[PDB]
Amino acid sequence: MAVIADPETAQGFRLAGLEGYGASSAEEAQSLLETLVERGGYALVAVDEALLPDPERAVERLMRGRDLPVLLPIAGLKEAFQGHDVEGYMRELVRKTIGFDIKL
Amino acid sequence: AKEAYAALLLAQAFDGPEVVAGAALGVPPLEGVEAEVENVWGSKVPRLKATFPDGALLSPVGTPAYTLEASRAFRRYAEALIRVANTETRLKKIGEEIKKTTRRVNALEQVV
Amino acid sequence: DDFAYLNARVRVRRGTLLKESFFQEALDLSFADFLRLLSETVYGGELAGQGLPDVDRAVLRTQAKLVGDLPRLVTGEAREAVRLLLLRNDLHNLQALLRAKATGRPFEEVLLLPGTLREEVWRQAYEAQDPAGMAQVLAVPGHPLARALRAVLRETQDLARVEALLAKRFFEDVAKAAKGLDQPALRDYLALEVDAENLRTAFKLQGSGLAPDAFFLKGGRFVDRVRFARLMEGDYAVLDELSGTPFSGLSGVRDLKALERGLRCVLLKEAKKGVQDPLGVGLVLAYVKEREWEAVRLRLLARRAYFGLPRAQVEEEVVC
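Residue numbers (the deposited numbering), protein chains in the order written: chain H, 1 to 104; chain G, 57 to 168; chain M, 3 to 322.
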């Protein structure tokens with residue numbers, strides 16, 4: 001169940017009792033994500049939003065089927081001070097997802 | 057997230073980084089999260105929930121006064137994270153199926 | 003032996019510290035102004051570069067320089083008395099060695115902070131199949147932790163229940179050694195710390211429904227087994243029953259963070275009363291606790307400037 005913002009936060013995840021990591025660069029995070037999809041940490045991964053928003057390139061790299069490693073953006077410890085994007089983030093979710101832009 | 061972040065800030069600022077290292081690495085990695093199946097409109101996604109055993113009371117007089125508090129904060133954090141993950145995969149399935157039905161309606165109309 | 007020969011250098015070290023106004027000046031910094039303010043401090047004598055890790059290593063090296071010499075420069079009964087001051091990191095390293103012996107992790111797996119003796123003892127105790135032999139290799143003459151390990155050693159070889167009972171017996175042996183010396187103020191501070199630790203572990207394990215007699219230790223003065231059972235039960239009235247004792251502000255609170263902050267403030271006020279004993283060792287323990295609180299505040303300011311934490315979030319820390 002890997003989660004990648006820092007190794008400093010990841011040892012807090014070990015203090016929670018789940019495996020986590022930290023890379024501080026994009027290809028290193030996708031490579032450790034790649035071996036994590038290869039041999040599982042039971043396939044549920046979150047990556048820091050300032051590190052990788054969409055790691056789905058790794059999904060189409062290794063495991064195009066079953067979408068079992070679910071990939072999540074997550075608010076970092078140096079970023080959770082602001083409350084990242086929530087309403088405009090849903091704006092771009094709708095813009096990405098259905099084609100239309102709405103206001104609601 | 058802000059709760060667990062402030063809990064770790066207090067538990068490694070008022071305390072030892074070496075002792076949170078020992079308190080983390082003494083705890084095993086705790087595998088055990090599992091999954092079940094949604095079949096709806098034919099489409100099928102697995103949703104997950106975690107076991108997260110609390111039985112590892114490793115010398116249950118916990119030698120710092122704070123990492124039980126921060127550790128349960130991170131356990132609630134991971135519960136909220138797997139909740140957001142299931143919400144995410146449900147919304148992606150609904151979106152791609154609306155994409156399918158939209159190109160199916162447009163194709164069927166304009167072609168046949 | 004001499005509680006004045008080391009106390010002269012202890013008063014010299016008490017004259018050389020960073021005030022709380024330096025922390026109030028660190029209340030508005032961005033780790034560069036804070037790094038410059040800490041570079042002027044004694045941790046600036048160990049400040050290698052920048053970052054939270056370099057600052058934490060600098061604070062750890064400054065603490066090991068200030069308090070590691072207190073294990074030296076003394077011999078005999080006062081040496082054992084000063085040995086019964088910095089028992090936190092040594093017992094943490096001993097519990098880490100026990101967890102490594104009962105877990106299977108490698109000898110380099112522990113980060114092995116500065117305890118009370120040389121690290122070659124822990125290196126030889128890494129390859130130690132016999133826990134009684136490991137305690138005998140770790141047996142210093144004034145180390146009561148090895149005595150507690152030998153006392154609880156005739157229960158099992160390496161068990162976690164054995165580790166918890168050995169921690170309780172270590173607190174009990176520390177209380178017996180504090181009673182067994184000619185220092186009533188240090189014994190009173192140790193008894194207050196033991197009672198607050200019993201209240202803390204009971205409030206942390208509150209609601210577990212376990213055996214409180216297995217959890218409550220012997221030696222407390224402000225609370226008894228009935229008071230511990232009433233506090234472990236879902237009632238802050240026992241916490242409201244602490245009237246007149248050092249838990250004065252502790253009344254009607256059921257939390258853990260605020261209760262632990264109040265317990266730390268009460269212990270700091272108790273150690274702040276240690277200025278009355280000039281020719282004893284209470285000034286040394288007061289300086290050790292003050293340096294601990296100051297280094298904790300410095301690491302807190304470092305982490306706050308690292309993650310951009312609020313000053314209102316750290317405002318509950320500047321009172322002590």
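Every residue, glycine too, gets a C-beta built ideally from N, C-alpha and C.
Run down chain H in chain order and give the residues with a C-beta less than 8 Å from the C-beta of residue i.
| i | result |
| --- | --- |
| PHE309 of chain M | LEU77, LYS78 and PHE81 |
| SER115 of chain G | Ordered by position in chain H, no residue passes the 8 Å Cβ test against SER115 of chain G, which lies about 15 Å from the chain. |
| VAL89 of chain G | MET1, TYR42 and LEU44 |
| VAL140 of chain G | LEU72 |
Residue i versus chain G: which residues are under 7 Å apart at the beta carbon?
| i | result |
| --- | --- |
| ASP58 of chain M | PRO73 |
| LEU52 of chain H | Going along chain G, no residue has its Cβ under 7 Å from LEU52 of chain H, so there is no contact; the nearest lies around 15 Å. |
| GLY12 of chain H | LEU64 and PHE130 |
| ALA46 of chain H | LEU137 |
| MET63 of chain H | Here the premise fails: no neighbours, minimum Cβ distance about 13 Å. |
| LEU207 of chain M | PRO116 |
Between which two residues does the alpha helix (DSSP H) carrying residue i extend?
| i | result |
| --- | --- |
| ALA91 of chain G | Premise fails: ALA91 of chain G lies in the beta strand (DSSP E), 90-96, not in any alpha helix (DSSP H). |
| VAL196 of chain M | 186-206 |
| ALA104 of chain M | 89-105 |
| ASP35 of chain M | 35-41 |
| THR97 of chain H | 86-97 |
| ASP58 of chain M | 54-70 |
| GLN68 of chain G | 58-69 |
| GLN82 of chain H | No alpha helix (DSSP H) holds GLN82 of chain H; DSSP gives it neither H nor E. |
| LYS291 of chain M | 284-309 |
| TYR7 of chain M | 7-17 |
For residue i, decide whether its Cβ has a neighbour in chain H, counting only Cβ atoms nearer than 7 Å.
| i | result |
| --- | --- |
| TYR61 of chain G | yes |
| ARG131 of chain G | yes |
| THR143 of chain G | no |
| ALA57 of chain G | yes |
| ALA163 of chain G | no |
| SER127 of chain G | yes |
| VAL167 of chain G | no |
| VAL83 of chain G | yes |
Any heavy atom of the ligand MG closer than 6 Å to the CB of residue i?
| i | result |
| --- | --- |
| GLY246 of chain M | Looking at this structure, you won't find the ligand MG or any other ligand, since it has none at all. |
Counting contacts by CB-CB distance shorter than 7 Å, is residue i in contact with chain G?
| i | result |
| --- | --- |
| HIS94 of chain M | yes |
| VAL70 of chain H | yes |
| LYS103 of chain M | no |
| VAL298 of chain M | yes |
| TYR42 of chain H | yes |
| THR35 of chain H | no |
| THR64 of chain M | no |
| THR203 of chain M | yes |
| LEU119 of chain M | no |
| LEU302 of chain M | yes |
| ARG74 of chain M | no |
| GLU165 of chain M | yes |
For the beta strand (DSSP E) holding residue i, just list the boundary residues, first then last.
| i | result |
| --- | --- |
| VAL255 of chain M | Premise fails: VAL255 of chain M is in no beta strand (DSSP E) and is neither H nor E. |
| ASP279 of chain M | First-last for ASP279 of chain M: undefined, no H or E at that position. |
| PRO102 of chain G | 99-105 |
| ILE150 of chain G | Unbroken run through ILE150 of chain G is the alpha helix (DSSP H), 123-167; no beta strand (DSSP E). |
| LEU44 of chain H | 44-48 |
| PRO73 of chain H | 70-74 |
When you compare only the Cα positions, how much space is there between residue i and residue j?
| i | j | result |
| --- | --- | --- |
| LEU64 of chain G | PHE205 of chain M | 20 Å |
| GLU79 of chain M | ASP3 of chain M | 6 Å |
| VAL70 of chain H | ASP54 of chain H | 11 Å |
| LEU96 of chain M | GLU92 of chain G | 44 Å |
| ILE150 of chain G | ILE98 of chain H | 10 Å |
| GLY46 of chain M | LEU40 of chain M | 6 Å |
| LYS181 of chain M | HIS84 of chain H | 56 Å |
| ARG171 of chain M | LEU37 of chain M | 42 Å |
| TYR133 of chain G | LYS103 of chain H | 30 Å |
| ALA28 of chain M | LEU192 of chain M | 32 Å |
| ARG163 of chain M | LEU155 of chain M | 12 Å |
| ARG61 of chain H | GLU165 of chain G | 36 Å |
Counting contacts by CB-CB distance shorter than 7 Å, is residue i in contact with chain M?
| i | result |
| --- | --- |
| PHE108 of chain G | no |
| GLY111 of chain G | no |
| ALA69 of chain G | yes |
| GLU153 of chain G | no |
Give me the chain G residues within the contact set of residue i, using Cβ-Cβ distance strictly less than 8 Å, ordered along the chain.
| i | result |
| --- | --- |
| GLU262 of chain M | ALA121 and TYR122 |
Quick one: which chain H residues come within Cβ less than 7 Å of residue i?
| i | result |
| --- | --- |
| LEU86 of chain G | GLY17 and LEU18 |
Under 8 Å Cβ-Cβ, which residues of chain M neighbour residue i?
| i | result |
| --- | --- |
| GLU92 of chain G | Neighbours of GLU92 of chain G on chain M: none; closest Cβ ~31 Å, over 8 Å. |
| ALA77 of chain G | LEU113 |
I want to verify the contact list: residues of chain G whose CB lies under 9 Å from the CB of residue i, in sequence order.
| i | result |
| --- | --- |
| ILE98 of chain H | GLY151, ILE154, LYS155 and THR158 |
Check whether chain A comes within 7 Å of residue i, counting only Cβ atoms and requiring the distance to be less than that.
| i | result |
| --- | --- |
| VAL14 of chain M | Protein chains H, G and M are contained in the structure displayed, whereas chain A is not. |
> What alpha helix (DSSP H) runs, 4 residues minimum, are completely inside the region 4-41 of chain H?
Replying inline: 7-14 and 26-38
>> Suppose only complete runs of 4+ residues qualify. What are the alpha helix (DSSP H) ranges in the region 206-252 of chain M, listed by chain order?
In response: 214-217, 227-234 and 239-243
> Along the chain, which unbroken stretches of the alpha helix (DSSP H) at least 4 residues long are found entirely within the region 114-184 of chain M?
Replying inline: 121-128, 133-139, 146-153 and 162-181
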